[PDB]
Every structure is written in C-alpha cells, then in structure tokens.
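Breakdown of the fold
Take a look at the letters that make up each chain.
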Amino acid sequence: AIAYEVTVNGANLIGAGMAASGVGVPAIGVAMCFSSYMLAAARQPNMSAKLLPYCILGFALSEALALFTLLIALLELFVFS
Amino acid sequence: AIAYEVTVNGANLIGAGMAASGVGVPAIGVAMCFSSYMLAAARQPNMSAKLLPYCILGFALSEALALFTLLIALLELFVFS
Amino acid sequence: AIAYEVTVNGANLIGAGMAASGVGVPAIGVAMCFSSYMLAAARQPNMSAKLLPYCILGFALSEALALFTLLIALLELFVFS
Amino acid sequence: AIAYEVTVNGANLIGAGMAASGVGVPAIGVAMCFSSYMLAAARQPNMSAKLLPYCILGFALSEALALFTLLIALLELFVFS
Amino acid sequence: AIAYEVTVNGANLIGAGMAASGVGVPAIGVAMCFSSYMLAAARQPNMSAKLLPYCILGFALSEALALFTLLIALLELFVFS
Amino acid sequence: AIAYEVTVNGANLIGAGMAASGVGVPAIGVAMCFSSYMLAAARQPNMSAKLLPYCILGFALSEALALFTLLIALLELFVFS
Amino acid sequence: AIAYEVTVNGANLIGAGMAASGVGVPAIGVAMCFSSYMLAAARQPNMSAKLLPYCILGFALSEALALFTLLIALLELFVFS
Amino acid sequence: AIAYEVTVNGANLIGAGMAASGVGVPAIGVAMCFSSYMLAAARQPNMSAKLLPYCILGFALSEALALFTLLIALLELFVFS
Amino acid sequence: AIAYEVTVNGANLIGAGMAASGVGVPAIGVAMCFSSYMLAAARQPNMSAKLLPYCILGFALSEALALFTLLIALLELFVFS
Amino acid sequence: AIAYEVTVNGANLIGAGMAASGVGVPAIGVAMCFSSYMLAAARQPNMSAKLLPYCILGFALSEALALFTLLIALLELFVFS
Amino acid sequence: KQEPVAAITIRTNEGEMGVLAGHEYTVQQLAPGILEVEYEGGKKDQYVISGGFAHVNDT
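cryo-EM is the method the PDB entry lists for this structure, together with a resolution of 3.14 Å.

What follows is the structure, encoded as structure tokens:
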C-alpha cells in the first residue's frame with residue numbers, strides 16, 4: 001500500500017467558521033433568562049430582588065459557553081499554521 | 001511515506017460564509033428581550049421603568065455575541081491571504 | 001515535503017450560499033418583535049404608543065444583523081476574484 | 001512551490017442550493033406575525049385595524065429577507081458561468 | 001501558475017438536495033397560521049369570518065417561499081446539462 | 001486553460017440524503033395543527049366541526065411540502081445516472 | 001475537452017447518515033401530538049375519546065414521514081452499490 | 001469517457017457522525033411527552049392514571065426513531081468494510 | 001475500468017465532531033423536563049413528590065441518547081486507526 | 001485494484017469546529033431551567049427553596065454535555081497529530 | 001374570617017390550582033367543585049362550592 005501524507009493548511013480557516021456558527025446560539029439563552037426576569041417581576045415585583053442572582057448566573061454560564069465556542073476559533077487560527 | 005503540503009487559498013472565503021450563518025441567530029435572541037419587555041409592561045406598566053435596564057443589558061450582550069460571530073468573518077478574509 | 005499551493009475560484013461563491021442561509025433567521029426575531037407589540041397592545045391598548053418605540057429598535061437591530069449577513073454574501077462575489 | 005489555480009464551474013450551483021435553504025426560514029416569521037394579529041383581534045377586536053399596519057410591515061420585511069436570499073440563489077446562476 | 005478548469009457535472013445533483021432541505025421549513029410556519037386561526041376562533045367565534053382572509057393569505061405567502069426553494073431544485077436539474 | 005470535465009457518479013446519492021433531511025420538519029407542522037385543533041375543541045367543543053376542516057387542510061399542505069422534498073430524494077436516484 | 005467519470009463507491013454510505021439526521025426530527029411533532037391530548041384531557045376530561053382519533057392520526061402521519069426518511073437511508077445502502 | 005472507480009474506506013465513518021447528530025434530537029420528543037404529563041397531572045391529578053398510558057407510548061416510539069438513527073451509526077461501522 | 005482503493009486516515013477524526021454537535025441537543029430536553037417539574041410544582045405543590053420520578057426518568061432517557069451521541073464520538077476515535 | 005493510503009492532517013483542525021457548533025445549544029437548556037425557576041418562584045415563592053436544587057441539577061448536567069463536546073474540541077486538537 | 005392558613009387548593013376551568021403564601025396576584029373564576037383548605041396543623045377542610053371568584057394577594 002502506498003502512503004500519502006497531506007497537510008491542508010487552509011483547513012486552519014474552515015473549522016473556525018463551524019465554531020462561529022455556534023458562537024451565537026447561547027444568545028438565545030441569554031435573553032431567555034432576562035425575558036423571564038421581567039415576566040416574573042411583572043407578576044411579583046416583591047421577588048425581583050431575589051431572582052436577579054439566578055438570572056446573572058444563567059447569563060454567565062450561557063456567555064461562558066459562547067466564550068469557549070469562540071475561544072476554539074480564536075485558538076484555531078491565531079496559533080495554528 | 002510521501003509528504004504533500006497544500007495551501008488552499010479559497011478556504012479563506014469559505015469559513016466566512018459559514019461563520020456569517022450564525023450572525024442572525026442572536027437576532028431571535030435579541031428581539032426576545034424587547035418583546036418580553038412589552039409583555040411585562042403590558043402586564044405591569046408601573047414596573048416598566050424598572051424593567052428597561054435589564055432589557056437593554058441583555059441586548060448589550062446578546063448582540064455582542066453576534067459581533068463576535070461577525071468579527072471572524074471580517075477577520076478571516078481581509079487579513080489572511 | 002512538497003508545496004502544492006492551489007487557488008480554488010469556486011470558493012468565491014460557495015460561501016455566499018452559506019452566509020445567505022443565515023439571512024432568513026433574523027426574520028423570526030423580527031416577527032417576534034412585531035407579534036409581541038400586537039399582543040401587548042391587545043393586553044393594554046393605552047400603552048400601545050409607549051411600546052411601539054422599543055419594538056422598532058429591536059426590529060432594526062435584528063434586521064441590521066441580516067444586512068451584515070447580507071453584506072458578506074454580496075461582499076464575497078462582486079469584488080473577490 | 002507550485003501553483004495550481006483551479007476554476008470549478010460546478011460550485012456555481014452548490015451554493016445556489018444552500019442559499020435556498022435559508023429562503024424558508026422567513027416563512028415561520030410571516031406566520032408568527034399573522035398568528036399574532038389573529039390572536040390579538042380575538043383578544044380585542046376594537047384594535048383590529050390599528051394593529052394591521054404593523055402586521056403588514058413585519059410580513060413585508062420577513063418576505064424581503066427571503067427575497068434577497070432567493071435573489072442570491074438566482075443571481076448565483078443566471079449571470080455567473 | 002497553472003490553469004485547470006474543472007466542470008463537475010455531479011454538482012448538478014447535489015444542491016438540489018440542499019435546497020430540498022429548506023422546502024420543509026415553511027410547513028411549520030404554515031401550521032402555525034392555521035393553529036392560530038383555530039385558537040382565535042375558540043377565544044371569539046364571532047371574529048372567525050373576519051380572521052379567515054389573513055389565514056389563507058398567510059399560508060400562500062409562506063408556501064410561496066417553499067415553492068421558490070423547490071423551483072431551484074427543479075431549476076437546478078431539468079435545465080442544467 | 002486546461003479543461004477537465006468530471007462526472008462524479010456518487011453525487012447521484014449524497015444529495016438524496018440531504019433531500020431526506022427536510023422530510024421531517026413538516027411533521028412538526030402536522031402535529032402542531034392537530035394539537036391546535038385538540039386545544040381549541042377543548043376550549044370550545046361546539047366549534048369542533050367548524051375547525052376540523054382547516055385542520056385537515058393544514059396537514060395536507062405541510063405533507064405536500066414533505067412529499068415534494070421526498071420527491072427529490074426519489075427523483076434523484078432511480079432516474080439520474 | 002477531457003472526460004473523467006469517477007465512481008465513488010463510498011458515497012453509498014454518506015447520505016445514509018445524512019438522511020438519519022432528519023429521521024429523528026418528526027419525534028418533536030409526534031410527542032407534541034400526544035402532549036396536546038393530555039392538556040386537552042386536562043382542560044376537558046369528557047372530550048378525551050373524541051380527541052384520541054386525531055392524536056393517533058397525527059402520530060401515524062409524522063411517524064410515516066420519519067419512516068419515509070429512513071427508507072432512503074436503508075435503501076441507499078442495501079440495494080445501491 | 002474515462003473510468004476511474006474509487007473505493008473510499010474513510011467515508012465508512014463520516015456518515016456515522018451525521019447519523020449521531022440526529023440521535024439527540026428525539027430527546028426533545030421525550031421531554032415534551034413527560035413534561036406534558038406533569039402539568040396535566042398538576043391541572044388534574046385524578047386523571048394522571050389514564051394519561052400515563054399515552055406518555056410512555058409517545059416516548060417509546062420517539063425513542064424508536066432515535067434508536068434507528070443510532071442503529072445506522074452502529075450498522076455503518078461494525079459491518080461495512 | 002480503473003480501480004483506486006483509498007484509505008483516508010483523517011475521516012477517523014471528522015465524524016466525531018459531527019457526532020459531538022448532536023451531544024448538546026438532549027440538554028434542551030433535560031431542561032424542558034426539569035422546568036416542567038418546577039412549573040407543575042408551582043401549580044400543585046402537593047403533587048411535587050408524585051411528579052418527581054417521571055422528571056428524573058425522562059431526564060435519564062434523554063441523557064442516554066446524549067451518551068450514545070457521545071459514545072460514537074469516543075468509539076470513533078480511540079479504537080479506529 | 002490499486003491501494004493509496006492518505007493521511008490528511010488538516011482533519012485535526014476541522015472536527016473541533018464541527019463539535020464547537022453544538023457547544024452553544026446547551027446554554028438554551030441552562031436558560032430554560034433558570035427561566036422556569038423564576039416563573040415558578042414568582043408563582044409560589046414558598047416553593048423556591050424546594051425548587052432551587054432541581055434547577056441546580058438542571059444547569060449541571062446540561063452544562064456537562066456541552067463540556068464533553070468542548071472536551072472533544074480540546075481532545076481533538078491538542079493530542080492528535 | 002381572615003383565618004391563618006398554610007395552603008389552599010382551588011379548582012378552575014383551566015384546571016386545578018394550588019395557592020401558598022406570597023402567591024402572585026391573580027383573580028380568576030372557580031369552577032364548580034371542591035375546595036381544600038390546609039391549616040398549619042396539617043389538618044384539612046374540604047368545601048363544595050357553586051362558582052365564585054378567587055382574589056389572591058401578594059401580601
């Protein structure tokens with residue numbers, strides 16, 4: 001059997017877009033958190049001050065997931081040849 | 001075994017087309033916020049002033065991810081040969 | 001190892017078919033915004049004047065993302081060789 | 001370092017499929033908008049005429065995103081060789 | 001440089017599938033419109049006759065987008081050599 | 001420039017798979033329609049005969065889109081070489 | 001110009017995976033067609049038996065769509081080279 | 001025309017991924033079928049005994065779709081050359 | 001007719017990613033299940049115990065699918081050459 | 001026939017993108033969970049203490065799925081040649 | 001008349017609801033059925049009703 005190693009340098013710059021396509025999905029979670037806090041606050045203003053920590057936490061985790069999805073791409077390109 | 005490095009110069013102009021697919025995905029995750037603010041202000045208009053910050057706050061970040069999905073597509077093409 | 005640079009001219013175009021896939025996805029966030037305005041005014045008509053601004057705002061920004069997703073797909077063909 | 005420039009004439013067409021995949025997504029926004037108008041009229045018929053302009057606006061703009069996507073898919077064929 | 005023009009005749013019969021992926025996306029919106037008409041007539045039967053013209057209207061326009069998608073899959077095979 | 005026409009035969013099938021991927025999305029519209037009919041009839045059983053026609057209509061329409069998509073998936077193997 | 005028929009036998013076994021991505025989707029319709037019924041029975045126990053036929057109907061039709069999607073994948077392999 | 005037959009041993013394993021992409025989707029049809037039992041049971045506990053026969057049924061059949069969508073991913077690897 | 005068998009050792013590492021994308025989708029069914037439990041308990045706290053098992057049960061099943069969608073991506077890499 | 005082995009090193013840096021697409025979707029599960037906690041607490045704060053652990057569990061396992069996906073995108077790159 | 005109560009359970013057309021302390025302000029019909037009151041002592045009291053309107057408070 002013959003052996004042909006091949007190195008597509010340009011594949012450095014294809015997989016980054018496939019991560020960038022998923023950088024934006026967690027936004028749907030983000031607003032879905034804040035969108036809830038309003039409605040809850042609409043139904044119970046007295047609880048508005050006790051729900052905000054859980055809101056910020058959900059936001060932070062969604063943002064961090066997007067951040068890792070983006071960190072792959074920024075790590076995919078700016079170091080790999 | 002034999003070694004063939006290849007440099008596909010068109011791959012640059014492919015990942016941008018795949019990254020940009022995710023620039024609109026935050027949009028549903030953006031207007032979800034304002035829509036929820038309308039629903040809350042319709043439920044409790046009195047609370048509207050206390051709800052507008054969080055709304056804007058969500059929009060300040062849900063949209064940002066879109067930019068981080070667009071930046072790649074504009075950082076992928078115009079600088080990589 | 002051997003150096004095979006290749007310049008694919010078809011990748012001038014394939015990406016425009018991919019970014020264009022993400023030009024429609026803002027439209028749902030659009031229609032969500034307007035639908036929310038309708039349902040809010042149906043829940044509180046007299047507030048309909050105060051909710052219409054926010055609607056437009058979210059709308060435009062959602063649409064703006066589409067435009068950028070539409071910019072690339074038109075920035076990718078009419079100039080790139 | 002060798003240079004193989006390749007002109008793929010069939011990539012004229014593959015992208016024309018992918019762009020078409022985005023032409024349907026605005027339809028769910030159109031339906032969301034008309035659904036909202038229906039349900040608001042069922043909540044408050046006195047607001048039937050006041051809300052209809054916003055319904056037409058949202059439908060027009062979702063349809064316009066779909067139209068630009070279809071324009072890419074067709075322009076990608078009937079002028080490009 | 002060297003110039004290899006390639007005419008891939010099989011890409012004739014690839015994008016036709018990709019477009020066919022999006023022909024079904026309008027159907028969920030279609031069903032949304034009819035679902036909304038049902039629930040609106042339930043909340044207020046008296047308005048049923050007044051809401052039907054939009055319902056039908058909404059369907060057609062949603063379907064139109066799917067149709068154009070399908071047309072590409074029929075315009076990509078039966079005319080392209 | 002040099003002219004390499006290639007007839008890739010496997011492309012008779014790779015698109016059919018994609019043509020199958022869109023067959024499933026209309027099922028969500030079918031189910032949404034029957035679900036809406038159920039909920040509306042449960043809110044107003046006396047309307048059950050007046051809403052059942054539009055239900056069947058929505059099913060047939062969504063299923064027609066699925067049939068066209070599947071039609072490509074079967075029109076792409078048994079006739080195309 | 002030159003003519004090169006390439007017979008990629010392995011493309012037998014790509015679409016069979018691709019189609020499977022659309023085989024699982026109708027479940028979301030399917031379960032919905034059941035999820036409504038419970039709620040209908042929750043909203044009105046007396047109207048359970050009158051609504052069961054439409055439940056089974058939507059179930060069977062969505063499952064048949066999934067079955068026709070799977071038919072391509074299983075037919076793409078065990079008859080095709 | 002010339003005849004280059006090829007047998008790709010790697011595409012025996014790409015399609016598995018494309019199939020595994022659709023094994024997680026019917027999970028939604030699981031939750032939507034159990035979640036509905038919760039709220040229904042919350043709205044009418046005395047009906048919980050007769051609603052449960054529907055829940056597990058819809059679940060099982062959705063899971064059947066997922067099982068086939070996975071079965072290709074097992075049938076694509078352990079038997080094919 | 002000429003015959004070129006080829007053994008691609010890189011496909012080993014691609015399908016896992018394509019499987020990995022389907023690993024995050026069951027998470028939404030997970031959350032749908034637990035959210036349903038929360039809202040049903042809010043509706044009827046006295047039922048909060050009687051609905052707890054189904055929730056867990058539903059979760060596990062969705063999680064099981066993810067495991068399969070994660071099994072392949074781990075069974076595709078660390079055993080295949 | 002004839003036997004050509006190939007080793008595409010660039011496939012190392014593609015699937016890590018394909019996996020990263022699915023890292024963002026579980027963020028929706030996280031957000032769905034917290035949004036449910038808010039809209040349950042705002043209906044019955046006395047159950048907040050009883051509903052927070054399940055909510056906690058809800059954003060662990062969901063997140064865990066994403067991590068596995070992300071792990072692959074870190075286990076695909078930093079170990080494979 | 002203004003009895004301390006731990007919990008209460010009402011029936012409606014949308015379905016059966018359950019109210020506890022600090023429940024959201026909601027006003028809604030009572031479908032003709034049963035009505036369960038649960039005191040802090042764990043006991044219960046069931047009452048049959050003929051329609052009505054339940055007015056809940058945040059306080």
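Continuing now.
Scanning chain K from N- to C-terminus turns up 0 helices and 6 strands. Secondary structure of chain K in N-to-C order comes out as β-β-β-β-β-β. Its C-alpha atoms give chain K a radius of gyration of 11 Å, near enough to 10 Å, the size a compact globule of 59 residues would have. Evaluated residue by residue, chain K yields a buried proportion of 37% over its 59 residues. Of the contacts formed within chain K by residues at least 6 apart in sequence, a portion of 47% connects residues at least 24 apart.

Each helix and strand counted, chain A has 3 helices and 1 strand in total. When the helices and strands of chain A are listed from N to C terminus, the series reads β-α-α-α. Rg of the C-alpha trace for chain A: 20 Å, well past the compact-globule value of 12 Å for 81 residues, more than 25% over. Considering only C-alpha atoms, chain A reaches an extent of 75 × 20 × 20 Å along its principal axes. A total of 81 residues make up chain A; the buried ones form 60% of that total. Relative to all contacts within chain A whose residues are 6 or more apart in sequence, the contacts with residues 24 or more apart total 74%.

All right, on to the sheet that holds strand β1 (residues 2–8) of chain E then. Spatially, 10 strands are ordered β1(A)-β1(B)-β1(C)-β1(D)-β1(E)-β1(F)-β1(G)-β1(H)-β1(I)-β1(J) in a closed barrel, and the strand pairing comes out parallel. This sheet shows a mean twist of 30° between the axes of neighbouring strands, independent of strand direction. Two elements, strand β1 (residues 2–8) of chain C and strand β1 (residues 2–8) of chain D, share 5 bridges in a ladder whose sense is parallel. Each bridged residue has a counterpart across the sheet, and for C:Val8 the counterpart in β1(D) is D:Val6.

A few words on the interface of chain A and chain J. Residue-level contacts link 42 residues of chain A with 43 residues of chain J. Between chain A and chain J the total buried area reaches about 3600 Å² when both faces are included, carbon and sulfur atoms providing 76% of it. In terms of surface lost to chain J, no three residues of chain A exceed A:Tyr54, A:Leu65 and A:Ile72, which account for 18% of the buried area on that side. Our count for the chain A to chain J interface comes out at 0 salt bridges. Across the chain A-chain J interface, the total number found is 8 residue pairs in polar contact.

Before going further, it helps to examine the layout of surface pockets. All names here are of chain K. Approximately 480 Å³ is the volume attributed to the second largest pocket. Along the walls of the second largest pocket sit 22 residues, with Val5, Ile8, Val19, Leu20 and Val56 positioned nearest its centre. Mapped onto the lining of the second largest pocket, the elements with two or more residues apiece are β1 (7–11) and β6 (53–55). Looking at the lining of the second largest pocket, the element that brings in the most residues is β1, giving 3 residues. Considering only residue class, the lining of the second largest pocket consists of 13 nonpolar, 6 polar and 3 charged.

Looking now at the sheet that holds strand β4 (residues 34–38) of chain K. Residue and element names in this part refer to chain K. Pairing within the open sheet is antiparallel, and its 4 strands lie in the order β2-β1-β4-β5. Two strands close off the open sheet at either side, each with one partner strand: β2 (16–19) and β5 (44–48). Sheet twist, expressed as the mean angle between neighbouring strand axes with direction ignored, is 15°. With 4 bridges joining them, β1 and β2 adopt antiparallel strand pairing. Following the sheet pairing, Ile8 is matched in β2 by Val19.

Moving on, we get to the nonpolar core. Judged by nonpolar contacts, the single largest core of 138 residues is most densely connected at A:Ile28, D:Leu51 and F:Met38. Ignoring anything within four residues of it in the chain, the contact list for F:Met38 reads G:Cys33, G:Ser36, G:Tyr37, G:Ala40, G:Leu51, G:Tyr54 and G:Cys55. Grouped together as the second largest cluster of nonpolar side chains are 108 residues, D:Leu65, G:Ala73, H:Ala16 and I:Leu77 included.

Running from amino to carboxyl end, helix α3 (residues 48–75) of chain C crosses helix α3 (residues 48–78) of chain D at an angle of 5°, the nearest separation of the two axes being 11 Å. Overall, the two elements α3(C) and α3(D) adopt an arrangement that is roughly parallel. Side by side, α3(C) and α3(D) meet where C:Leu52, C:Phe59, C:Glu63, C:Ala66, C:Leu70, C:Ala73 and C:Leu74 of the first sit next to D:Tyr54, D:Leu61, D:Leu65, D:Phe68 and D:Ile72 of the second. When its residues are assigned to classes, the contact of α3(C) with α3(D) shows 11 nonpolar, no polar and 1 charged.

Size of an interface: often given as the accessible area lost when the parts come together. Listed as interface residues are 43 residues of chain E and, on the opposing side, 41 residues of chain D. Where chain E touches chain D, the interface holds 0 salt bridges. Counting across the chain E and chain D interface gives 9 residue pairs in polar contact. Of the residues contributing to the side of chain E that touches chain D, the split by class is 30 nonpolar, 10 polar and 3 charged.

At the level of C-alpha atoms, the two units chain B and chain G stay apart, their nearest approach being 19 Å. Separated throughout, chain F and chain J approach each other most closely at a C-alpha pair spaced 17 Å apart.

What follows is about the packing of helix α2 (residues 25–43) of chain B against helix α2 (residues 26–43) of chain C. Each pair of packed helices can be described by the angle between their axes along with the distance between the axes. Direction vectors running N to C along α2(B) and α2(C) enclose 5°, while the axes themselves pass 8 Å from each other. Compared by their axis directions, α2(B) and α2(C) come out roughly parallel. Facing α2(B), whose interface residues are B:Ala27, B:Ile28, B:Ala31, B:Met32, B:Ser35, B:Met38, B:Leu39, B:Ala42 and B:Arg43, α2(C) presents C:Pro26, C:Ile28, C:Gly29, C:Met32, C:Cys33, C:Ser36, C:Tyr37, C:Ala40 and C:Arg43. Broken down by class, the residue content of the contact of α2(B) with α2(C) amounts to 13 nonpolar, 3 polar and 2 charged.

What follows is about the packing of aromatic side chains. Using the criterion set out here, one finds 34 aromatic pairs over all chains in the structure. Where B:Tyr4 meets C:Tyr4, the ring centres are 5.4 Å apart and the plane angle is 40°; that geometry is what we call tilted. Here C:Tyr4 lies in strand β1 and B:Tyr4 lies in strand β1 (residues 2–8), a pairing that spans two chains. Seen from their ring centres, C:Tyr4 and D:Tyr4 are 5.4 Å apart, and the 25° between their planes marks the pair as stacked. We classify C:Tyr4 as partly exposed; its relative accessible area is 23%.

So, about a nonpolar patch on the surface. All names here are of chain E. On the surface, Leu67, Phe68, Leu71, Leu74 and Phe78 cluster together to form a nonpolar patch covering roughly 470 Å² of accessible area. Counting through the fold element by element, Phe78 comes out in the segment after α3 (48–75). With relative accessibility at 56%, the residue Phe78 sits in the exposed group.

This part is about helix α2 (residues 26–43) of chain H. Taking 1.5 Å as the rise per residue, α2(H) with 18 residues should run 26 Å; its terminal C-alpha atoms sit 26 Å apart, in good agreement. Of all 18 residues that make up α2(H), 17 are buried, and the element is covered over most of its length.

Residue position: C:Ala27 is located in helix α2. Here C:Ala27 falls in the buried class, since its relative accessible area comes to 0%. With 39 residues separating them along the chain, C:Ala27 and C:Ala66 place their C-alpha atoms 8.4 Å apart. Sequence-distant contacts of C:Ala27, defined by excluding residues within four places in its chain, comprise D:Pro26, D:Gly29, D:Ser62 and D:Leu65.

Attention now goes to the pattern of salt bridges. Oppositely charged side chains may form a pair once their charged atoms are brought near each other. Taken as a whole and judged by the stated rule, the model has 5 salt bridges over all chains. H:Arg43 serves as the salt-bridge partner of K:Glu14, at 3.4 Å between the closest nitrogen and oxygen. Residue K:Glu14 is found in the loop between β1 and β2, and its partner H:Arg43 is found in helix α2; the two belong to separate chains. Within the structure, one salt-bridge network assembled from shared partners comprises K:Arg11, K:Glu16, K:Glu36 and K:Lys44.

This part takes up the pairing of β1(K). Along any regular strand, the residues point their side chains to alternate faces of the sheet. All names here are of chain K. Among the 5 residues that make up β1, 4 are buried, leaving the element largely enclosed by the rest of the structure. Sheet analysis places β1 next to β4, joined by 3 bridges and oriented antiparallel. Along β4, the bridge assignment pairs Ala7 with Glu38. The antiparallel hairpin formed by β1 and β2 contains 4 residues in its connecting segment, where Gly15 sits at a positive phi of about 150°.

All right, on to the environment of D:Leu57 then. Tracing the backbone shows D:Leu57 in helix α3. Judged by relative accessible area, which is 42%, D:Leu57 ranks as partly exposed.

Thresholds applied
- Within each chain the first residue of the written sequence is number 1 and the count goes on from 1 in that order, possibly differing from the entry; residues lacking coordinates are omitted.
- Numbering of ligands from 1 and lettering of chains from A proceed in the order in which they are written.
- Because the shown chains make up only part of a larger assembly, each value pertains to the shown part and nothing beyond it.
- Each side-chain value is worked out from all heavy atoms of the structure, with water and hydrogens disregarded.
- Secondary structure elements are taken from DSSP: a helix is a run of H or I of four residues or more, a strand is a run of E of two residues or more, and numbering for both begins at the N terminus.
- Here the globule rule reads 2.2 Å times residues to the power 0.38, and the radius of gyration is calculated from C-alpha atoms.
- Only protein chains enter the area calculation, which uses a 1.4 Å probe; residues under 20% of their type maximum are buried, those over 50% are exposed, and those in between are partly exposed.
- What makes two residues a contact is simply this: any of their non-hydrogen atoms within 4.5 Å.
- A pair of strands is labelled paired if DSSP reports no fewer than 2 bridges between them.
- To get an axis, fit a line to the C-alpha atoms, keeping to the stretch in contact for a helix; angles then go from 0 to 180 degrees between the N-to-C directions.
- The term buried area denotes the loss of accessible surface (1.4 Å probe radius) that occurs when two parts are joined, taken as the sum for both partners.
- Salt-bridge detection follows one rule: a side-chain nitrogen of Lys or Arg within 4 Å of a carboxyl oxygen of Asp or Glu.
- Polar contacts, as counted here, are pairs of nitrogen or oxygen atoms within 3.5 Å of one another; within protein the pair requires one atom able to donate a hydrogen and one able to accept it, and residues that are adjacent in sequence qualify only if both atoms are side-chain atoms.
- Two kinds of site are reported from a 1 Å grid over the protein atoms alone, namely cavities, where a 1.4 Å probe fits but cannot get out, and pockets, open sets with protein on both sides within 12 Å along at least five of seven lines, and residues are called lining when an atom falls within 4 Å of a point.
- Grid points are joined across faces, edges and corners, and a volume is the space filled by probe spheres set on the points.
- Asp, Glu, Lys and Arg are counted as charged, while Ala, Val, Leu, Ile, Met, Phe, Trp, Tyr, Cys and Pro are counted as nonpolar; the rest, among them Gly, fall into the polar class.
- The term nonpolar core refers to a set of buried residues drawn from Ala, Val, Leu, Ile, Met, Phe, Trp, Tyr and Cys, joined through side-chain atoms within 4.5 Å.
- In these notes the angle categories are as follows: under 35 degrees is roughly parallel, over 145 is roughly antiparallel, 65 to 115 is roughly perpendicular, and the rest is oblique.
- Only the six-membered ring of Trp is used, alongside the rings of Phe and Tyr, when aromatic pairs are assigned; centres must lie within 6.5 Å, and planes under 30 degrees apart are stacked while those over 60 apart are edge-to-face, with the rest tilted.
- Patches here: salt-bridge-free residues with over 30% relative accessible area, like charges joined within 9 Å, nonpolar side chains (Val, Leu, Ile, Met, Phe, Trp, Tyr) joined within 5 Å.
- Working definition of accessibility: Shrake-Rupley area with a 1.4 Å probe, residue cover restricted to the visible protein chains.
- Any helix carries an expected span of 1.5 Å times its number of residues minus one.

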